[PDB]
Amino acid sequence: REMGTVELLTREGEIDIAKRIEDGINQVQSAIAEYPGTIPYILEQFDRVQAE
DNA sequence: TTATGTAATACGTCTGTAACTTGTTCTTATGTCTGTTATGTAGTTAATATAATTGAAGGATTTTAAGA
């Protein structure tokens with residue numbers, strides 16, 4: 001009874017939901033990027049990995 | 001009578017046994033460390049697919065809460 005009250009989706013529904021998910025994801029990522037210590041962490045991680 | 005010399009006898013006693021004890025020396029059982037292999041855990045896969053499930057059955061009486 002509980003799960004039958006949700007309508008079934010189509011292709012375009014999946015596309016729209018995926019677009020909403022990525023929109024939220026990149027909002028979160030942009031929020032993280034605006035932080036003075038975030039970029040140095042990625043930079044030092046790249047510095048370590050590039051040294052193999 | 002009395003010196004003398006043998007003889008019984010009791011007590012030290014020199015030595016042979018044995019107990020107490022330690023050195024030390026060798027052997028072995030055990031605990032531990034380390035290296036290798038098997039076991040146990042975990043993450044991922046992209047035609048599409050979109051309301052179970054399986055039974056089960058001749059019961060006969062009481063008492064006690066919900067519904068009206």
Side-chain angles (χ1 to χ4, degrees):
Chain A
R1 298 206 320 248
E2 266 193 282
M3 31 79 57
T5 64
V6 162
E7 63 309 325
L8 195 55
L9 279 175
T10 66
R11 340 264 298 191
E12 318 177 359
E14 295 175 4
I15 328 302
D16 157 28
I17 291 191
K19 276 173 178 178
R20 298 163 49 181
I21 299 164
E22 39 208 350
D23 165 342
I25 291 177
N26 50 63
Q27 276 180 243
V28 173
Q29 203 180 8
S30 34
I32 308 165
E34 303 199 5
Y35 178 109
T38 299
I39 309 301
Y41 263 74
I42 298 301
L43 291 174
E44 60 94 11
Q45 289 293 331
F46 166 69
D47 197 1
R48 310 175 62 178
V49 60
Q50 188 63 217
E52 286 172 2

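A note on names: the letters A, B, ... follow the listed sequences, proteins ahead of strands, and every chain is numbered from 1. Hydrogens, waters and symmetry mates are skipped; everything else that's a heavy atom, side chains included, is used.
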Checklist entry - Tracing side-chain links under 4.5 Å among I, L, V, M, F, W and Y, which residues wind up in one group with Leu8(A)? => result none

Checklist entry - Using links of under 4.5 Å between side-chain heavy atoms of ILVMFWY residues, direct or through other members, which residues join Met3(A) in one cluster? => result none

Item to check | Separation between CG of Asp16(A) and CD of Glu14(A), rounded to the nearest 0.5 Å | outcome: 10.5 Å

Donor-acceptor contacts, no H, no angles, side chain residues 28-52 of chain A, under 3.5 Å, sequence neighbours left out:
from	atom 1	to	atom 2	distance (Å)
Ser30(A)	OG	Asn26(A)	O	2.5
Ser30(A)	OG	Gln27(A)	O	2.7
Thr38(A)	OG1	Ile32(A)	O	3.1

Item to check | Residues forming a side chain to side chain contact (heavy atoms under 4.5 Å, CB included) with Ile21(A), sequence neighbours excluded | outcome: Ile17(A), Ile25(A)

